[PDB]
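Asks: Take a look at the following structure, please.
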Protein chains: 2
Amino acid sequence: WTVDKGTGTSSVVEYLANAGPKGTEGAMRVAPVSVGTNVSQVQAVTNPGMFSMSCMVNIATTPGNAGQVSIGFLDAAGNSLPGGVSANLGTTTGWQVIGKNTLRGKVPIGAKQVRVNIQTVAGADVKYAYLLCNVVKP
Amino acid sequence: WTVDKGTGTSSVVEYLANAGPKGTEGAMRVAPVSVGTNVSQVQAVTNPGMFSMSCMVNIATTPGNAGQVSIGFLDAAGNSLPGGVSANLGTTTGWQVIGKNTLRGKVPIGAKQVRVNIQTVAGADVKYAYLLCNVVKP
């Protein structure tokens with residue numbers, strides 16, 4: 001996972017053992033300060049395809065929308081393509097599922113890469129687990 | 001194939017025509033000096049998957065165990081993952097099959113690349129042929 005805290009120098013992004021939904025699995029806690037932190041991963045993908053992702057998110061505290069989880073597609077040169085999807089985390093506390101009707105779609109024509117990004121706003125304390133994406137091809 | 005002789009500048013790694021098991025195919029001869037020579041190749045692979053590999057090896061001379069053939073898995077970021085396997089070449093001379101109950105397993109989740117390494121110890125002279133690995137999946 002690529003952790004970009006930006007200028008948010010003291011932002012806390014940490015692995016926590018036994019902190020997931022069941023208490024037996026790992027979790028990633030992101031607590032940005034002043035400015036937001038983005039955690040991302042990029043992998044190879046090809047058209048045609050269909051995808052759906054689910055996430056386990058536990059927002060402890062937030063000053064508003066806690067952030068967003070996004071899926072983007074890139075061509076061979078790294079340029080963004082149409083077909084991106086995003087799910088806002090909201091403000092409701094407790095372990096919850098993201099995102100049933102949001103993080104889904106078709107693999108865009110020309111896509112070489114798929115990138116997931118987890119954005120947590122400044123002032124939010126959120127734990128993430130089970131970042132599961134599946135891409136099914138014909 | 002990537003030939004890494006390490007500190008052994010005098011190590012001999014050569015292609016030999018008509019030197020394989022049948023006398024009609026190519027073979028690679030490795031005769032390392034001072035330190036062992038490692039020949040490797042990396043290719044992309046991802047979960048889900050299962051794999052098995054076989055090798056044809058002819059040990060001409062060896063001081064001890066002639067070396068090993070290994071398969072390892074790496075993610076996109078270059079981290080080594082569990083599920084690696086290795087097969088020792090032993091001391092028996094003549095064309096023989098390596099990897100039957102050793103170079104096999106499941107592709108670990110998160111794996112983005114698979115790397116084979118052929119290791120020949122210093123002072124050993126062995127020929128390799130038919131380095132056939134299969135990952136069953138489309």
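Within each chain, counting starts at residue 1; across the structure tokens, chains are named A, B, ... in the order shown, with ligands numbered 1 upward in that order.
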Enumerate as a PyMOL selection string the residues belonging to chain B that approach chain A to within 10 Å, with only C-alpha atoms taken into account.
Replies: chain B and resi 44+46+75-77+112
Asks: Apply DSSP to the structure's backbone, then extract all residues of stretch 7-138 of chain B labelled strand (DSSP E) and return them as a PyMOL selection string.
Replies: chain B and resi 12-16+27-31+37-44+50-61+67-74+85-88+94-98+104-106+113-120+125-136
Asks: Neighbouring residues of residue B:27 were defined as those with any atom within 12 Å, considering only C-alpha atoms; residues of the same chain fewer than 5 positions away were excluded. Please report them as a PyMOL selection string.
Replies: chain B and resi 13-22+55-58+95+126-131
Asks: Which neighbours of residue B:117 fall inside 7 Å, counting only C-alpha atoms, when residues of the same chain fewer than 3 positions from it are skipped, and could you give them as a count of residues only?
Replies: 7
Asks: Rank nothing, just name the residue among B:28, B:136, B:66, B:3 nearest to residue B:124, using only C-alpha atoms.
Replies: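 Nearest to residue B:124: B:66.
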Asks: Env of residue B:83: 8 Å cut, atoms = only C-alpha atoms, seq-sep filter 2 positions within chain, self excluded. Answer as a list in words.
Replies: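 Selected residues are residues 72, 73, 81, 85, 105, 106, 107 and 108 of chain B.
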Asks: Could the residues in this selection be saved with C-alpha atoms as a CSV table (one decimal), in the first residue's frame?
Replies:
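The resulting file, again.csv, is shown below:
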chain,number,residue,atom,x,y,z
B,72,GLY,CA,9.4,-17.5,-5.5
B,73,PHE,CA,6.5,-15.1,-5.6
B,81,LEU,CA,5.6,-13.6,-0.2
B,85,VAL,CA,9.5,-23.7,-3.0
B,105,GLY,CA,2.0,-25.4,-4.8
B,106,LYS,CA,-0.7,-22.7,-4.9
B,107,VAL,CA,-0.2,-19.1,-6.1
B,108,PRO,CA,-0.3,-16.9,-3.0
Asks: Could you work out how far atom CA of residue A:62 lies from atom CA of residue A:23, giving the answer in Å with one decimal?
Replies: 22.3 Å
Asks: Under the rule that only C-alpha atoms are counted, which of A:6, A:90, A:49, A:32 is the nearest residue to residue A:137?
Replies: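 Closest to residue A:137, using only C-alpha atoms: A:49.
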Asks: Find the residues around residue A:101 up to 10 Å (only C-alpha atoms counted), leave out those fewer than 2 positions away in its own chain, and share them as JSON, numbers by chain.
Replies: {"A": [52, 53, 54, 87, 98, 99, 103, 104, 105]}
Asks: Please measure the separation of atom CA of residue A:97 and atom CA of residue A:109, giving the value in Å to one decimal.
Replies: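 Going from atom CA of residue A:97 over to atom CA of residue A:109 covers 28.8 Å.
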